[PDB]
Structure formats: structure tokens, C-alpha cells
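End of the sequence shown = 122 in the authors' numbering, gap-free, step of one. The structure appears right after this line, and notes come after that.
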Amino acid sequence: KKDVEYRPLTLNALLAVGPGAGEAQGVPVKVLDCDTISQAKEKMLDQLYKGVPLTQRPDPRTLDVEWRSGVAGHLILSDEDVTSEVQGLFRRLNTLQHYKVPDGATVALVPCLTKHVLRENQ
């Protein structure tokens, strides 16, 4: 398996919880282009949540990660968001490459606050 077509990226660890919802700290953590929202969640948290076991690490489906790409603005990401559709090939983990984020993008997390996603509206 030669899989080097991914990019060690720099991601800014931030949280959109409230008091520091964009002004907390901002820690440069590293991830891959071919990460997963769940995996990125782990790496980003690992710096603060150093020592935290797998079962304790929250899945990006129960807490929402507002990705602030900057270039595209901000999008709510999840391991399965748009790929949460289980009807065929749609079930897939999201990568940062799906959002096409730049190095030095900002991720913010919220404890299941605002999974404002595509809605049903004609």
C-alpha cells in the first residue's frame, strides 16, 4: 500500500463552545489530508486530551465540528454528515480533503449544539 497522496496539514485547534468561541487559544495540531473527521478529532483533541482513551474520545457525530476553512467559510463537519445517507455508496467518513481545507485551517467544536446542515427545502 503506497499511500502518500495525503498532506500532513496544520490545523488550528479551537472550540466554538462560547467564552472562547473563536478566541480561546488556537493550537497548531497536525493532521492528514486523508484523515477522517473522527481521526482529526482525535489528533486535535490529543494535545489537550492527552491520555484520553478511545471510548472517551467523542465522535464528531455527537458533537459538531464547525470547520472554519476560512476560504469556504465554515461548515459543520461530521464523520458522516452528507455521507450519513445510507442508501448505497454514500456511507463514507469525511476527510478534510472533502472540504479541501488549506494548511492552517481552523476547527471549532461544539458539544452538539448546532448541526446546521442541509435542510429539506424546495
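No residue lacks a Cβ here, since even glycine has one placed at the ideal position from N, Cα and C.
Inter-residue Cα distance where the pair is residue 68 and residue 3: By 1-based counting over the sequence shown, the position of residue 68 is 68. By 1-based counting over the sequence shown, the position of residue 3 is 3. For residue 68 and residue 3, the gap between their C-alpha atoms comes out near 27 Å.
What residues in its chain sit with their C-beta under 7 Å from that of residue 77, if we drop five residues either side in the sequence? Here the question's residue 77 lines up with position 77 in the sequence shown. The beta carbon of residue 77 is closer than 7 Å to those of 37, 60, 65, 67, 94, 99 in its chain, skipping five residues each way along the sequence.
Let me check one thing: in DSSP terms, what residues is residue 68 bridge-paired to? In the sequence shown, counting from the first residue as 1, residue 68 sits at position 68. According to DSSP, residue pairing for residue 68 in a beta bridge involves 74, 106.
Contact set for residue 155: own chain, Cβ-Cβ below 6 Å, skip 5 residues either direction: Residue 155 lies beyond the stretch modelled for the chain, which goes from 1 to 122, so this question has no answer here.
How many angstroms separate the CA atom of residue 34 from the CA atom of residue 103? Residue 34 sits at position 34 when you count from the first residue of the sequence shown. Residue 103 sits at position 103 when you count from the first residue of the sequence shown. The alpha-carbon atoms of residue 34 and residue 103 are separated by roughly 13 Å.
For a quick check, are the C-beta atoms of residue 63 and residue 109 less than 8 Å apart? If you number the sequence shown from 1, residue 63 lands on position 63. If you number the sequence shown from 1, residue 109 lands on position 109. In this structure, residue 63 places its C-beta atom within 8 Å of the C-beta atom of residue 109.
Which residues DSSP lists as bridging residue 28, in chain order: Locating residue 28 in the sequence shown gives position 28, counting from the first residue. In DSSP, residue 28 forms a bridge with 12.
Cβ neighbour criterion (16 or more within 10 Å) applied to residue 117: Indexing the sequence shown from 1 puts residue 117 at position 117. The residue in question, residue 117, is exposed, as its Cβ has fewer than 16 Cβ neighbours within 10 Å.
Top-ranked residue by Cα proximity to residue 74, from 84, 25, 106: Residue mapping note: residue 74 aligns to position 74 of the sequence shown, counting from 1. Comparing C-alpha distances from residue 74 to each of 84, 25, 106 shows the shortest one belongs to 106.
Within 10 angstroms of the Cβ of residue 101, are there 16 or more other Cβ atoms? Answer buried if so, exposed if not. To locate residue 101, count along the sequence shown from 1; it is residue 101. Burial call: buried.
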